[PDB]
Amino acid sequence: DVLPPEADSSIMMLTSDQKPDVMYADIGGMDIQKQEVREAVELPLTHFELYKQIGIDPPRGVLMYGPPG
Amino acid sequence: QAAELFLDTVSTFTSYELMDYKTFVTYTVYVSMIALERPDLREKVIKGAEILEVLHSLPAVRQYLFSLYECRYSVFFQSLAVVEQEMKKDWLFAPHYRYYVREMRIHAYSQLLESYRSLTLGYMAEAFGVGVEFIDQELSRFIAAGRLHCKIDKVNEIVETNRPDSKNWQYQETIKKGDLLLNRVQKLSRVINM
Amino acid sequence: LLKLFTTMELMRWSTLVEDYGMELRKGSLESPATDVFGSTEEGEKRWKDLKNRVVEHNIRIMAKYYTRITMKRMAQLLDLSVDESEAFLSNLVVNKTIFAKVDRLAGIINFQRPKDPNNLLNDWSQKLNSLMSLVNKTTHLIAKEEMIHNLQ
Amino acid sequence: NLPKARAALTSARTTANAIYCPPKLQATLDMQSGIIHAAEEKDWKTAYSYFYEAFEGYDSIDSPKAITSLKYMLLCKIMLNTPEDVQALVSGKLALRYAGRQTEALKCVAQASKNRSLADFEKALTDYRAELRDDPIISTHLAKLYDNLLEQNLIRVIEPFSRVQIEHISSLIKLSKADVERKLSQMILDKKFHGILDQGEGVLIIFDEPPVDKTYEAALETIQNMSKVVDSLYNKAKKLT
């Protein structure tokens, strides 16, 4: 017999839910920056019928360079 | 499927084959008061963006839409006739307006009898303004056709609900549709072989 | 004091006043009756709060024994009017300490139990619990059968 | 005139991007988008968010125009009662900048939104009647509040004990048959309230009992089984003849 799957593995996840950290309202005045962020965050999270329509396949890639800061 | 294929709304915009889009709004709103259930009835108009501005332009249709959610039965018989005037004078609606009449009544009467287990028809005369002998034969011809099974007491001025469809009669779809089903494979089992 | 807290049952509230009305005259030390019954505005609040101790402690044991009760029987049991009961029915139920279904048309009221949908516990406690005592018969019967047959 | 307001707003859609820099147009258009769309009653939080956008764009402008800007946005917090953005706006450093007389009365109006409490709401209703006049739509803002705050105090009285007399429980709302009990009859329709009334003896009975579990899980699967045999009828008649 295999796993369900799965029992997963060791270590752990989550731990970022303690709150509070930072409010997003700082960029709320622009709306030029948030519009590109709003389309790149919550819509790529869960949305279905909007993709196959336009046909654009959203990438999973996020690469953060530039520190400092 | 009428209103389901009409969900596109302004995405079609206006075309020579789409005639007046405001009239296309009237075609989809008259089917949306039956096929589109009350939770989804208020949802598509209020949450729907492009469809909400075109209905607010017409005070007659928007009234009857919200009055349906307001449940007042005094303005129904008036406003429903205004919709029936358009239903009478429009083509292809001649065969289809007959069942449309009392289907919007039971739609308003569905939520009606679900409210109270014991209801007096004199209290209905208030809202109907004034139903006395009119709803006597009306609601009686609803039960005989299988529409909104209910018990309305005569001369005692009491309406009874029930109907508790959550248990007993809801089981009957299993075996009844399963009779001709299994019967069809009984006969066709004797065919093999010969 | 502790007698009302243990085993409860019923006692006339004036008899409790007979005991706690002498503490005003008791003493030696009158200070326990000073901070409590010596102040007029503080006492009247604690007097009605003393009522909350005696009337709710009945509701606590009665919620265990209901089943059902008539509204008129609650008046003579709580030693007050039916309207004071409705006031004690309203303030205790908003604290949701005891679930109650109160019907004022026929006077039949009750404390809990939630509509009796229960099915499993009706059959399980029947079959499992009770029959365990019924199937344990021959177990300890042959235990005592050895006792009586070894001597006699 | 809503269609004429949107038509004037529609002409501004291509006007904002017509010239080089607005300098402030789309931000003002966002406030205008928080008027007609708010009259459309689309979403309470997004329209309130346009006031936050306009407030970010109202920095370093004429103060009488900025002192009357909080009249609309803080009284918009009155209609919503659940913007969730309460502490974000008013507790930020940008919204605390106005010490003027008119905004100090608005600062407690923004606190009045955090209040609710119909005992207090009906009280401050007279004190804020001056700000009530500046409300763009006076009825709709407080009608959706009063209608929502109605059952807010009703779910308090009906909750503790299961069944209640309908005459006294509707005496706090001051009447029974005309609207309330008809609105309460609509609550069963809206599923917000599970119960049934008694017209003759006047006792409201609440029952959440009658579940649907085993049944729809049976008949609905048999209706699908009707497609198993009918689709197999093609195999049957084809192989035999």
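Shown above is the structure to which this text applies.
Residues numbered from 1 in each chain as written, not as in the entry; some residues may be left out. Chains lettered and ligands numbered in written order. Part of a larger assembly, values for the part shown. Heavy atoms only, no water.

Here we take up the overall build of chain C. Broken down by element type, chain C carries eight helices and three strands. Order of helices (α) and strands (β) in chain C, N terminus to C terminus: α-α-α-α-β-α-α-β-β-α-α. The C-alpha atoms of chain C give a radius of gyration of 24 Å, which is well past the 15 Å a tight globule of 152 residues would have. With respect to the principal axes defined by its C-alpha atoms, chain C has extents near 75 × 50 × 25 Å. The buried share of chain C, taken over its 152 residues, is 25%. Of the contacts made within chain C by residues no fewer than 6 positions apart, 50% connect residues no fewer than 24 positions apart. Of the roughly 11000 Å² of accessible surface on chain C, 59% is carried by carbon and sulfur atoms. In chain C, the 22 positive side-chain charges and the 20 negative ones have mean positions that sit 5 Å from each other. (Helix = DSSP H or I, 4+ residues; strand = E, 2+ residues; numbered from the N terminus. Rg over C-alpha atoms; globule rule 2.2 N^0.38 Å. Buried < 20%, exposed > 50% of the residue type's maximum accessible area, 1.4 Å probe, protein only. Contact = heavy atoms within 4.5 Å. Areas by Shrake-Rupley, 256 points an atom, 1.4 Å probe, with all protein chains shown as cover. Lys, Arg positive; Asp, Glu negative; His and termini not counted. Charge placed at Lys NZ, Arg CZ, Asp CG, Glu CD.)

Turning our attention to the packing of aromatic side chains. All names here are of chain B. Taken as a whole, this structure holds 15 aromatic pairs over all chains when the rule is applied. Relative to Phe76, the ring of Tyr73 lies with its centre 5.5 Å away and its plane at 85°, an arrangement referred to as edge-to-face. Residue class for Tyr73 comes out buried when judged on its relative accessible area of 8%. Here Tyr109 and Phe142 contribute two aromatic rings whose centre-to-centre distance is 6.0 Å and whose plane-to-plane angle is 40°, an arrangement assigned as tilted. (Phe/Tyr/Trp six-rings, centres within 6.5 Å; stacked < 30°, edge-to-face > 60°.)

To continue, consider the sheet that holds strand β3 (residues 108-111) of chain C. Residue and element names in this part refer to chain C. Taken in spatial order, the three strands make up an open sheet running β1-β3-β2, and their pairing is antiparallel. Either end of the sheet is taken by a strand with one partner, and the two such strands are β1 (69-70) and β2 (100-102). The pairing of β2 with β3 spans three bridges and is antiparallel. Bridge assignment links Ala100 to a residue of β3, and that residue is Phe111. (Pairing = 2+ DSSP bridges.)

Residue and element names in this part refer to chain B. Counted by the stated rule, this structure contains zero disulfides over all chains. Not part of a disulfide, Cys71 finds its nearest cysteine sulfur in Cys150, a span of 17 Å. By relative accessible area, which is 11% here, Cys71 ends up buried. (Disulfide = S-S within 2.5 Å.)

Residue and element names in this part refer to chain B. In contact at an axis separation of 12 Å, helix α7 (residues 97-113) and helix α9 (residues 134-144) are set at 95° when each is read in the N-to-C sense. Considering the angle they form, α7 stands roughly perpendicular to α9. On the side of α7, the interface is formed by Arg102, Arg105 and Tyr109, while α9 contributes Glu138, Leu139, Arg141 and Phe142. The residue makeup of the contact of α7 with α9, split by class, is three nonpolar, no polar and four charged. (Axes fitted to C-alpha atoms, helices over the stretch in contact; angles between N-to-C directions. Parallel < 35°, antiparallel > 145°, perpendicular 65-115°, else oblique. Nonpolar A, V, L, I, M, F, W, Y, C, P; charged D, E, K, R; others polar.)

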